[PDB]
Every structure is written in structure tokens, then in C-alpha cells.
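Before any questions on binding or motion, here is one chain by itself as C-alpha cells, the form deposited without P-nitrophenol.
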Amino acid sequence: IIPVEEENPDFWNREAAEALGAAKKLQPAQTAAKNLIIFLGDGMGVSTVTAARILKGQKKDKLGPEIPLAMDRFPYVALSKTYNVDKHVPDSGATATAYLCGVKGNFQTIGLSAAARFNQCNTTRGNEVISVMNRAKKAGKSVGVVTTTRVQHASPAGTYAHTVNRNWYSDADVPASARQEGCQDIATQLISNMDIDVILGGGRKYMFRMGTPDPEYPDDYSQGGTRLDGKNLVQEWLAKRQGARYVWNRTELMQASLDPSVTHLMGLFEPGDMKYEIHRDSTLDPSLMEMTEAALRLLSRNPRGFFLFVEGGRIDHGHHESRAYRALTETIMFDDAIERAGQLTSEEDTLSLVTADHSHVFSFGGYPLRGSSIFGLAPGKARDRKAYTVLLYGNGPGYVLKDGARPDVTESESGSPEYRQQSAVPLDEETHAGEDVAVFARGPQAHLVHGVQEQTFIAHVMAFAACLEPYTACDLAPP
């Protein structure tokens, strides 16, 4: 469709004149950040952002690519180089070390320098690097971790944990030799390394002894407790703090978030990762936006400010499945959470960064018409005389050969929430990609986010803006 208003050059000339006017108005702050928020889109590379924009624009009443996402409205953009020390295409653990601790690490470790080695417990000590969340707490700020994954998963764990193996969710995962050597599982690290005021996401099962029924799935034994050491970590965490509450459903979360006198809140809403938004039970489970608002209600009470980590964690999981429908709907909900947090905080005293840990081998091609569905077929047949999709993957589990041939695909098939887009190379899981990702920033000192930077810059600019960490003696006026 060609929109009539866009046929007149004046439309474009007016828009551009307005954009120049807005660019000229922007001015750097001389003041510090009271609050810090990092919004982490796991796997949300540039192709994901664009495809999500088109989908979100269409879900409103529009053609798609012209309608800004909430993240698109952030004034300052940089590119971030995501390589881990040992691998050009990174994982979530070692990238977390970069954007939360300010130091690059080795693939599949978390919160360690690259002197440590994956799955070698005896290389841990001496190599711990402390997160800016930890530093914010040390400075008297409240701190919160919100995600749609397990709260023990690689991204959130970067805020609090130090481990040579991101797979060590509970003691059941840690080999006996490493347990003997004192390497703590991530669930233990979650309650023990530092005080965290708000913890919201998945991961019930790692907190409870083997045999403990899950409250939501008391008749599915695989969803029960995993721990070998007999410990109830939720009860241990509650015991250590006045005003602490544990919740496992939406209604109780929202109740707790309105109760002054709560002060510490742990909400764990599934045994493992949270459901995809498209599968979410709206009576029992909070959306990402709802978890972020609940967190902000509590964190905002502290006059010294807060650090919050919010993760669109299952964007990544959608791409790994080669189900763009799931990756993109998770992206929209992530952008809705960014929008909500911007309503509940002030850019006068809150530095907000949106970024991704790494990208995916996800592409958006063919030559589709303006207004067409992102989940549709490319115009024209391929050289094998069958249809193909505008969305494709380099590799992953969408690769199919039926009767020794690439399958044809229809619009009804391609638009299904279970549809897997085709790839070049069959793998059980599609792979991350190595290309630079975007950083969007707004608020005090956001103008420092510029150019092409190492991913470690994210942690450092946040520490600097809030006068933490090695940047006490920032030269900044108070928020």
C-alpha cells in the first residue's frame, strides 16, 4: 500500500525539519543519576528491533515501519561490540560480565575475569569482578532484578553471581569435586552474595529440596524441588530480613507491591522460565510490564535511589526455536515494559539504558510490500519454484527436507505462532550472532553513550553517572 500522505515531499520535509529541531534542543546534564535502569533484550539485535517495530506498528492501526517503538524514542544511540575474550560469537553469561561488571570474560562463565576457565572451579578465586548492582547496594541504593527467565539464568545472575559454569543453577548441577571446593550454585549465590530488595522471575525449583511439590504443579513431579542439600533457600532468605515476602502468583505480587512494610520481595512465578507472553495465564502470572511496575513501587521508596535490571529474557528463546512469532512478541512486551518504566520514573534523575547481550542469525528480506505482515511470504517464487518467507534464519531447527526437497509454505502456515522459519543449516537450536548490537540511552549522562564501544562501556557509564564504583569523584552535581 502506498499511503497518500507520503507521496507529497512536504510530508518528509516537515518530519525532517521537526527531527532537526529536536536534535538541536538536546543538551547534556551536569547532574548525576539518582537511579539506574538497564533494560536487557536477550538476543535482541538490530534485525529483531526492526521486525518488532513493524509488528507492533501493525498491531496498532498502522502500516508498521513508520511507528516508533518506545526504545526508538531514546535520544542517544551507540553500537556495542559483544565478543567474549575467547569467542567471537558470545553467550549470555560472559556478555553479562561485560555490561553489568564492566570486564569481558570467557564464554559460559559469569561475573569472572577471563583468567578463570569454564567448568574449572579451582580457577574462580581471585577472578571475581563486582557488578554495578552490587556497587549500587554498597552505596545505599535499593536494587532489583526482574526477568522472564529463571532468576538464576545467565543474564540476571550477572548482577550478583560469580561462577565458572552458568549451568550450575542448584547444587544438583554442581559436580561433587566442585561442591567440595566451595563453588556455590547460583540459587545459593542469589540469597547469599548480596542483599537484593526485589527478585522477580522464574526459577522456583532450584530453591527447594528434592521432593518439594511446586505450588502450581503439585501433580507434575519433574517441576518439583531439585536441591540435594536439604535447604529451603526461600525460607533462609526470608529469615535474614524484616519485612520480606515471598510470592508465586500475580495477585499476591501486586498486593505485596502496594504494602509499605514489605521492603524485600521475592516473586518466583514458574518452576523454570516463565511462559511466553502468548501462553501466559493472566490470572496467575504477571507480565514483564507488571513485574517491572511492582519492582518500581518498592525500589522507588528509597531516597538514595535504586538500580534495576529488567530483562526481556525469552526473545532469545524464540529465536533459538527459530519461531520468530515468539521472539517478536516477546520483544513487543519488552518494549511495553520500557514504556511503562518511563512513565513511572523521571529522565531528570534516572539513567535508562536499553540494550541486548548479542544478536541472532535472524534476517528480514525478500521485497515485501508496505503494510504486509512480517510473518508473510516474500513476493515471488524461489528458484526451486516454491514460496519462501520474508523472515529466515542462517541456521537452526526450521531446516526441513520433505521427500528430499525444501517444503513449500503458505501464508496460513507462516503466520502460525508455532511456525519455524527455514534456515540454511539444521541445528537443534539456532545460534547467536556476532554482530554489534544497539545501546539506547536517556537521562543524566546519557550523552556519554555514543559511537562504537566495547560492551563493557555499559557498566562503566552507569557507574560513572551514579558516582559509584571506581568513579566516586565523578565530577557531577547531585541529581
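Note that residue numbering follows the sequence shown and begins at 1.
Quick note: we don't show the form deposited with P-nitrophenol bound, though the next part is all about it.
In the deposited complex, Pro213 approaches P-nitrophenol with a heavy atom inside 4.5 Å. With a 4.5 Å cutoff on heavy atoms, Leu253 counts as touching P-nitrophenol in the deposited complex. Though the partner is left out of this view, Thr188 does not reach within 4.5 Å of P-nitrophenol in the deposited complex, counting heavy atoms only.
Within 4.5 Å of some heavy atom of P-nitrophenol in the deposited complex lies at least one heavy atom of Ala294.
In plain terms, the part of the chain that comes close to P-nitrophenol in the deposited complex, with a heavy atom within 4.5 Å, is 213-221 out of 191-199, 213-221, 128-136, 300-308. This chain is drawn without P-nitrophenol; in the deposited complex, the residue among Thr355, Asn165, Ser257, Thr329 with a heavy atom within 4.5 Å of it is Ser257.
For the residues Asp336, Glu290, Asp171, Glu277, the 4.5 Å heavy atom test against P-nitrophenol in the deposited complex is passed only by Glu290.
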